[PDB]
Q: 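I have a structure I would like to understand better, so I am pasting it below and will then ask my questions one at a time.
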Amino acid sequence: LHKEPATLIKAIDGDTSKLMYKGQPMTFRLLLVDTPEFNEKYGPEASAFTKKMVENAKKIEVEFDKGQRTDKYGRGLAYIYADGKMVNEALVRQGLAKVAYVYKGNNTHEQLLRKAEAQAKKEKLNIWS
Ligand SMILES: Cc1cn([C@H]2C[C@H](OP(=O)(O)O)[C@@H](COP(=O)(O)O)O2)c(=O)[nH]c1=O
Ligand SMILES: [Ca+2]
């Protein structure tokens with residue numbers, strides 16, 4: 001997999017963000033995770049976590065996996081990095097997302113994220129509290 005440039009246009013919620021990629025505005029949905037909806041418990045905290053991580057970064061990058069790059073809603077499907085740190089992983093490690101939506105051939109970082117989830121769960125963080 002390869003990291004490619006993007007810039008933040010606007011935060012949305014815990015697992016989606018509006019980024020400019022190859023010069024075009026796109027909504028990106030984070031691979032292999034699920035955050036609670038803003039309306040749900042830990043939803044606000046996940047949104048805030050993502051927003052801060054992406055807004056504070058000097059460098060945003062997107063990394064597509066091996067399979068489909070857009071979902072049925074036209075959202076980009078990627079791993080998103082903020083100054084080299086993977087947002088997807090960070091949400092899972094903080095107990096602010098569950099590993100989810102693991103479809104074959106877009107699952108390169110599955111084991112990495114399941115390891116973070118196990119740690120979050122052992123620590124009883126947030127969703128696991
Ligand atoms: C994360 C992800 C979601 N999706 C689709 C599945 C779900 O369809 P449904 O809308 O039919 O439930 C929806 C979940 O996204 P949200 O969690 O953003 O709602 O997005 C993909 O198709 N591929 C993916 O990799
Ligand atoms: Ca969600």
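Hydrogens, waters and symmetry mates are skipped; everything else that's a heavy atom, side chains included, is used. Counting convention: from 1, in listed order, for ligands and their atoms alike. Along the sequence shown, residues are numbered consecutively beginning with 1.
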Q: Name the closest protein heavy atom to atom 19 (O) of ligand 1, giving the residue it belongs to and the distance to 0.1 Å.
A: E37 OE2, 4.2 Å
Q: How close does the nearest protein non-hydrogen atom get to atom 12 (O) of ligand 1, and which residue and atom is it?
A: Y101 OH, 4.5 Å
Q: May I have all residue pairs that pass ring pair (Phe, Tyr, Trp, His ring centres under 6.0 Å) and include part of residues 35-56, sequence neighbours excluded?
A: none
Q: What atoms of ligand 1 come within less than 4.0 Å of a heavy atom belonging to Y73?
A: 9 (P), 10 (O), 11 (O)
Q: Taking atom 20 (O) of ligand 1 as the point of reference, which of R75, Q68, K72 owns the nearest heavy atom?
A: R75
Q: Does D34 approach ligand 1 within less than 4.0 angstrom via side chain, backbone, both or neither, non-hydrogen atoms only?
A: side chain
Q: Does the side chain of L30 come within less than 4.5 Å of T16's, by heavy atoms?
A: no
Q: Side chains of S129 and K124: is there a donor and an acceptor less than 3.5 Å apart?
A: no
Q: Among side-chain atoms of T108 and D65, is any donor-acceptor pair under 3.5 angstrom?
A: yes
Q: With a 6.0 Å cut-off on ring centres, are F28 and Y79 close enough?
A: no
Q: Just need the protein heavy atom nearest to atom 23 (N) of ligand 1, so name the residue and atom and give the distance.
A: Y103 CE1, 3.4 Å
Q: By side chain to side chain contact (heavy atoms under 4.5 Å, CB included), which residues pair with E61, not counting sequence neighbours?
A: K3, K59, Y81
Q: Does any N or O in the side chain of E117 come within less than 3.5 Å of the main-chain N or O of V99, such that one atom is a donor and the other an acceptor?
A: yes
Q: For N/O/S atoms only: which one belongs to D34 and is nearest the Ca ion (ligand 2)?
A: OD1
Q: Looking at ligand 1, is there an atom of it that comes within less than 4.0 Å of some heavy atom belonging to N106?
A: no
Q: What residue and atom, counting heavy atoms only, is the protein's closest point to atom 17 (O) of ligand 1, and at what distance?
A: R29 NH2, 2.8 Å
Q: Relative to the Ca ion (ligand 2), which of the N, O or S atoms in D15 is the closest?
A: OD2
Q: Step by step, would you call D34 with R29 a salt bridge (charged side-chain N to carboxylate O under 4.0 Å, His left out)?
A: CA-CA 10 Å; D34 192 35; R29 175 62 167 82; 3.5 Å; yes
Q: Could you find the nearest protein heavy atom to atom 25 (O) of ligand 1 and give me its residue, atom name and distance?
A: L77 CD2, 3.6 Å
